[PDB]
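Engineer: Take the sequence shown: its position 29, counting from 1, is numbered 2977 in UniProt numbering, and each next residue is one higher.
The structure under discussion is supplied below as structure tokens; questions concerning it will follow.
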Amino acid sequence: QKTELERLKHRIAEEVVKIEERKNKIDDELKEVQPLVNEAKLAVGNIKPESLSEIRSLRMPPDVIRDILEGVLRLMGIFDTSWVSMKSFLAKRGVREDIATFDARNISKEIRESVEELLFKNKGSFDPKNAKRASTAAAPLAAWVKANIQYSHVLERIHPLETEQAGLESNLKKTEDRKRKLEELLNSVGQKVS
């Protein structure tokens, strides 16, 4: 049972080295993508009632605003180019909950490409600092869209890597347990021999 013990420990070591390598890389990619995803979604929480409540009630919508706004409602399920659909949709208090709720793996590739060509259309119009000047409420929600989509497609890359990681991780811990059961036996003998 002793030789068995390290005959596992080495495999468990190497496995963990492998896990750390791919996990270090996955985490480097996350650092590359995600702090920005978070910053935006904190700025989300930051944004006031006034700044948005005032503009929701406005007669006309500006162009930078209608431009960066309309697609987000294609992202949020009542895909509607209509202004009053944005009125009604965004009039809900539950939206103050929805603001931070949307996730990245939910997005669909035709939505991603449609919004990427929509970027080509609004590439100038999509500049956060430029947009802020339209509204204090605005700017935070610019980088918000940019980050989400950039994770998308790139995230899929992270699919094989992360599923690989899940596999490795499940089995390393699976094996770790079947390593303890052994040292348990080995100590249980050392004391029953004594």
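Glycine residues also receive a C-beta, built at the ideal position from the N, C-alpha and C atoms.
With DSSP as the reference, label residue 3037 as helix, strand or coil.
Structural biologist: Here residue 3037 sits in helix by DSSP.
Engineer: Taking DSSP as the reference, what is the three-state secondary structure of residue 3142?
Structural biologist: Coil.
Engineer: In chain order, what residues of the same chain have a beta carbon less than 8 angstroms from the beta carbon of residue 2952, not counting five sequence neighbours either side?
Structural biologist: These residues qualify, in order along the chain: 3130.
Engineer: Which runs of the alpha helix (DSSP H), 4 residues or longer, sit entirely within the stretch 2971-3053?
Structural biologist: DSSP runs (the alpha helix (DSSP H)) wholly in the stretch 2971-3053: 2998-3004, 3011-3023, 3031-3038 and 3043-3046.
Engineer: Suppose the cutoff is 7 angstroms on Cβ atoms and the five residues either side in sequence are ignored; what does the same chain contact list for residue 3102 look like?
Structural biologist: So the qualifying residues of the chain are 2981.
Engineer: Any chance the stretch 3004-3024 sits against the stretch 3080-3090, with 3 or more Cβ pairs inside 8 angstroms?
Structural biologist: The stretch 3004-3024 is in contact with the stretch 3080-3090.
Engineer: Contact between the stretch 3123-3138 and the stretch 2951-2971 is defined here as three or more beta-carbon pairs at a separation below 8 angstroms; is this criterion met?
Structural biologist: Short answer: they touch.
Engineer: For residue 3099 versus residue 3048, is the C-beta spacing smaller than 8 angstroms?
Structural biologist: Result no, Cβ atoms of residue 3099 and residue 3048 do not sit closer than 8 angstroms.
Engineer: Give me, in chain order, the residues of the same chain whose beta-carbon lies closer than 6 angstroms to that of residue 3014; leave out the 5 immediate sequence neighbours on both sides.
Structural biologist: Closer than 6 angstroms at the Cβ level, and outside the excluded window around residue 3014, lies no residue.
Engineer: Within 8 angstroms, do at least three Cβ pairs link the stretch 2971-2987 to the stretch 3100-3119?
Structural biologist: With the cut-off at 8 angstroms, the stretch 3100-3119 and the stretch 2971-2987 touch.
Engineer: In angstroms, rounded to a whole number, what distance separates the CA positions of residue 3079 and residue 3006?
Structural biologist: The alpha-carbon atoms of residue 3079 and residue 3006 are separated by roughly 17 angstroms.
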